[PDB]
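Colleague: Experimental structure below, sequence on top.
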Amino acid sequence: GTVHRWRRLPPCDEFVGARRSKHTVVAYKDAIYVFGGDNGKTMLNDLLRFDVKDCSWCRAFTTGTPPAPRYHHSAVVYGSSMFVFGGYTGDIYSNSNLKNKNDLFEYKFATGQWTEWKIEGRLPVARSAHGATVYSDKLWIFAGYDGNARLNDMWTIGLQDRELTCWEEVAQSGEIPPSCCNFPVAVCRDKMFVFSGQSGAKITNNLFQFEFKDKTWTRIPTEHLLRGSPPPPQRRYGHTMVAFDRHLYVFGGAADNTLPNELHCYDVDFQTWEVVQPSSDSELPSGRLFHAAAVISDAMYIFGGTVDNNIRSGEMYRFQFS
Amino acid sequence: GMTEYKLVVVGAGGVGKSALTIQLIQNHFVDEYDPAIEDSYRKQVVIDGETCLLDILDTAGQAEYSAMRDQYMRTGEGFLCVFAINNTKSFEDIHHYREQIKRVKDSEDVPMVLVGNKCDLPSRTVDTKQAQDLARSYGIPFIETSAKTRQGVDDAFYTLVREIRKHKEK
Ligand SMILES: Nc1nc2c(ncn2[C@@H]2O[C@H](COP(=O)(O)OP(=O)(O)O)[C@@H](O)[C@H]2O)c(=O)[nH]1
Ligand SMILES: [Mg+2]
C-alpha cells in the first residue's frame, strides 16, 4: 500500500501446488501464472494462477497436452498466449532420461489451450538456464547451457503464424557477454539488458545492453562509480531482473557465499546504481535464488525460490514501486 | 580408443580442488584462485593405453546448483572427494558429499576416489589410517596428494578414470 513497500502475500499452499524453484512466472491481466520447476523430488509441469485482486491461489484450468515436466525453462507473453521454450526434462528421482529441450509450447489464456509449435528447419541447440524475451513480434532467446558448454548465441522466432514461422540465428555484433546461464533478462527502451549470471571463469557484475535495431552488444561503463556513484550489486546468479519506468530492478540470487536481499535499482538513463530503501512497515523477503518475477501495474511480484539450506519456497512477495 | 570421461571434483571450500585441477592441466601450482569460481577444464591424455578425453568440473558455491553443475552432477561419470589433511572439518564433510552423489545418481556403485590433499604440509591433523579406513569401508581408493609438489596429482585423477572403466565392465 505504501510506496517502496514489501508486502507478504499469501503463499501458495501445497494443496494447490508444491513449493518450488527454477520455475517461470508470467504476468497477464491481473494474474500471475507459475509454470514448471522443482519441488525437491521431481520436476513439475502444472500451471498455477495467482489472482492479484483477491490474492487467491489456484490450479489453472488446462485442456491440451502440456509440456513435459521441466525446470530452468523460459516463459514469455505475446498477446493472449504464453510461450514456454527449452528447459531440462527427465526423472530426477531415478536420474534417468535426462535431456535439455528446444521445443516451443503455446498457452492461450482465453481457452487454456496447450499447443506445441512443431517448428521445421534448423533449430537452436537444446538448452537450459537461457534468457528469453519478446520484441518486435518475435521471441528472442539468448545464451544458456546445452549439456556440453555454456552458450552465447541468440535466436529469434516469429510469434504471429505458426505455419509460416521458423527459427533464425541472430548474427550478434559488439562486446558479446561471455557464455552465460542462470541470469535474468529485461527489456527497456529499445534495448535488452543482462546483468551478471553464471559465466564460470568470467563471472563478474557487468551490465550488458543489447540494441535490438542493429544487433549490437555493449558493456555499460559503470566504472564511473569511482566518481561518486554507488557500486553495482555484487556478482550473482539465479536472480531476477525486471524493468519499470526506465529503471532496472535486480533482486535475489546467490552471490558467492551469500544470498543478499537488497533491492538494486539501475537508472538506465543516468547509468547509475542504487539500493532501494524499503518502508518502515515492510515485510522483507528473505534471501533466495531461482525465484521468478513479474510486474503488474506498478508493483513487482516475487514467487518461489530456494531460501537457504535447501528449503524450497512457495512464498509470494509484492514490492510496491512508486 | 577415444572415450570421454566426465569428472567432478567435490569437497569443502579451500581443500585444494581448484589448485589441484589446475596442476593436472598446466603443471603449475596456483596459490590464490577465486574460491567461488566454478568452471570446466578439458585435457586429452592417454590412460591405460587409450586416449582419454577428460571433462573436469572444478566445483564451488554453496547454494542451489547452477544449471551447468546440476547437469555435471547428474552426468558425472566419476567423482573426486577431496579433503585437506590439515583440516578436520573437510574430512568430516566427506560422508555428506558421498550421500549427495549417491542420492543424485540413484546408485550405490558410483565411481569415486577419496583424496587427502595438502600432504606436503607438516601440520597433519587427519591420520592417513583414518581416511584409509573410511575409503576401504566405502570400497573406493584413497590417494594422498599435494597440488603444491604435484605428488599423486596424476595418480588420483587417473585412478578415478580406472574406477569408471571398472564400473563399466560389470
Ligand atoms: N600446502 C598446500 N597448499 C595447498 C595445496 N593445494 C591448495 N593449497 C592452498 O589451499 C588454498 C585453497 O586452495 P583452492 O584450490 O583454491 O581451494 P578450493 O578450490 O576451494 O578447493 C589456497 O591458498 C592454496 O594455495 C597443497 O597441495 N599444498
Ligand atoms: Mg576453487
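Modeller: Okay, I see it. Numbering: from 1, shown residues only, chains lettered A, B, ... in the order given. Ligands and ions are numbered 1, 2, ... in the order given.

Colleague: Can you pull the residues of chain A lying near ligand 2?
Modeller: For chain A, no residue is in contact with ligand 2 (C-beta under 5 Å from the ion). Where C-beta positions appear, they are placed from N, C-alpha and C, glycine not excepted.

Colleague: mind listing what the residue of the stretch 1-150 of chain A found nearest ligand 1 touches?
Modeller: As assessed by C-beta to the nearest ligand atom, ligand 1 sits closest to residue A:150 within the stretch 1-150 of chain A, at 19.6 Å. Residues near residue A:150 by C-beta atoms under 8 Å, 6 or more residues apart in numbering or on different chains: A:143, A:144, A:179, A:180, A:181, A:198, A:199, A:200, B:68.

Colleague: again with residue B:142
Modeller: Taking C-beta under 8 Å, 6+ apart as the test, what residue B:142 contacts is B:113, B:114, B:115, B:116, B:131, B:132, B:134, B:135, B:136.

Colleague: near ligand 2, which residues of chain B?
Modeller: B:17, B:18, B:60.

Colleague: Show me which of those residues is closest to residue A:124.
Modeller: Ranked by distance to residue A:124 (C-beta to C-beta), those are led by residue B:60 at 28.8 Å.

Colleague: gap between that closest one and residue A:196?
Modeller: 16 Å (C-beta to C-beta, to the nearest Å).

Colleague: do residue A:179 as well
Modeller: Counting by C-beta to C-beta - residue A:179 and residue A:196 are separated by 13 Å.

Colleague: Repeat that for residue A:45.
Modeller: Residue A:45 is 29 Å from residue A:196, by C-beta to C-beta.

Colleague: Which of these two has more residues huddled nearby?
Modeller: In this view residue A:45 and residue A:196 are compared by other C-beta atoms under 10 Å in any protein chain shown, and residue A:196 has more residues nearby, 28 against 21.

Colleague: from what I can see the more buried one touches residue A:185, true?
Modeller: No. If you go by C-beta atoms under 8 Å, residue A:196 and residue A:185 don't touch, sitting 11.7 Å apart.

Colleague: Now the residue nearest to residue B:117 when sequence neighbours are not counted, what are its backbone angles?
Modeller: Of all residues not flanking residue B:117 in the chain, residue B:16 sits nearest, at 3.6 Å (C-beta to C-beta, 6 or more residues apart in numbering or on different chains). With angles defined as degrees, to the nearest 10, residue B:16 sits at phi 140, psi -10.

Colleague: neighbours around residue B:16, how many?
Modeller: Neighbours of residue B:16 using other C-beta under 10 Å come to 27.

Colleague: For the contacts of residue A:150, name the two members farthest from one another.
Modeller: A:144 and A:200, at 13.1 Å, using C-beta to C-beta across the contacts of residue A:150.

Colleague: so where's the longest strand in chain A?
Modeller: For chain A, the strand with the greatest residue count under DSSP state E is strand A:96-108.

Colleague: Which of the residues in it are classified as buried?
Modeller: Buried positions in strand A:96-108, judged by neighbour count with 16 or more other C-beta atoms under 10 Å in any protein chain shown: A:98, A:100, A:101, A:102, A:103, A:104, A:105, A:106, A:107.

Colleague: do the same with stretch A:61-68
Modeller: A:66, A:67, A:68.

Colleague: Let's verify the last one: helix, strand, or coil?
Modeller: It refers to residue A:68. Residue A:68 falls in the coil class when you classify it by DSSP: H, G, I helix; E, B strand; the rest coil.

Colleague: tell me the contacts of it?
Modeller: A:45, A:89, A:101.

Colleague: Repeat that for the second one.
Modeller: Counting by C-beta under 8 Å, 6+ apart, residue A:67 touches A:36, A:45, A:73, A:84, A:87, A:103, A:105, A:114, A:116.

Colleague: Of those, just say which sits nearest to residue A:28.
Modeller: Nearest member of the contacts of residue A:67 to residue A:28, counting by C-beta to C-beta, is residue A:84, at 13.5 Å.

Colleague: ok, so of the buried residues of stretch A:61-68, who is nearest chain B?
Modeller: Set against chain B, the nearest of the buried residues of stretch A:61-68 by C-beta to the nearest C-beta is residue A:68 (16.5 Å).

Colleague: what residue of chain A is the furthest out?
Modeller: residue A:227 (32.1 Å; C-alpha atoms, centre = their mean).

Colleague: Okay, that one and residue A:261: tell me how far apart.
Modeller: For residue A:227 relative to residue A:261 (C-beta to C-beta), the value is 28 Å.

Colleague: neighbours of residue 36, just the number please.
Modeller: In the absence of a named chain, this looks at chain A. 29.

Colleague: wrong one, I was asking about chain B
Modeller: 15.

Colleague: now it: how far from ligand 1?
Modeller: 8 Å (C-beta to the nearest ligand atom, to the nearest Å).

Colleague: Would you check that that residue makes contact with residue A:258?
Modeller: No. The pair residue B:36 and residue A:258 does not pass the contact test of C-beta under 8 Å, sitting 9.9 Å apart.

Colleague: is any part of stretch B:52-59 close to chain A?
Modeller: No. Stretch B:52-59 lies apart from chain A when judged by C-beta under 8 Å from any C-beta of the partner chain; the minimum separation is 8.7 Å.

Colleague: which element is the spatially most central residue of chain B on?
Modeller: Compute the mean C-alpha point of chain B, and by C-alpha atoms, centre = their mean the closest residue is residue B:80, 1.9 Å away. Per DSSP states H and E: residue B:80 is located in strand B:78-84.

Colleague: residues contacting the one residue in the stretch 101-250 of chain A that gets nearest to ligand 1?
Modeller: At 12.8 Å from ligand 1, residue A:201 is the closest residue in the stretch 101-250 of chain A, using C-beta to the nearest ligand atom. Residues near residue A:201 by C-beta under 8 Å, 6+ apart: B:37, B:39.

Colleague: hang on, it in a helix?
Modeller: Yes. Assigned with three-state DSSP, residue A:201 falls within a helix.

Colleague: Can you tell me how far it is from residue B:34?
Modeller: With C-beta to C-beta as the criterion, residue A:201 and residue B:34 are 9 Å apart.

Colleague: Isn't residue A:296 up against residue A:30?
Modeller: Yes. Between residue A:296 and residue A:30 there is a contact under C-beta under 8 Å: 6.2 Å.

Colleague: Now for the two: what residues contact both?
Modeller: With C-beta under 8 Å, 6+ apart, residue A:296 and residue A:30 have common neighbours residue A:52.

Colleague: Of those two, which one has the most company?
Modeller: residue A:296 (15 against 12).

Colleague: for the one helix or strand residue A:238 maps to, packing partners?
Modeller: Here residue A:238, judged by DSSP H and E, is contained in strand A:237-243. Packing partners of strand A:237-243 (3 or more C-beta pairs under 8 Å, 6 or more residues apart in numbering or on different chains; DSSP states H and E): strand A:185-188, strand A:191-195, strand A:247-254, strand A:292-296.
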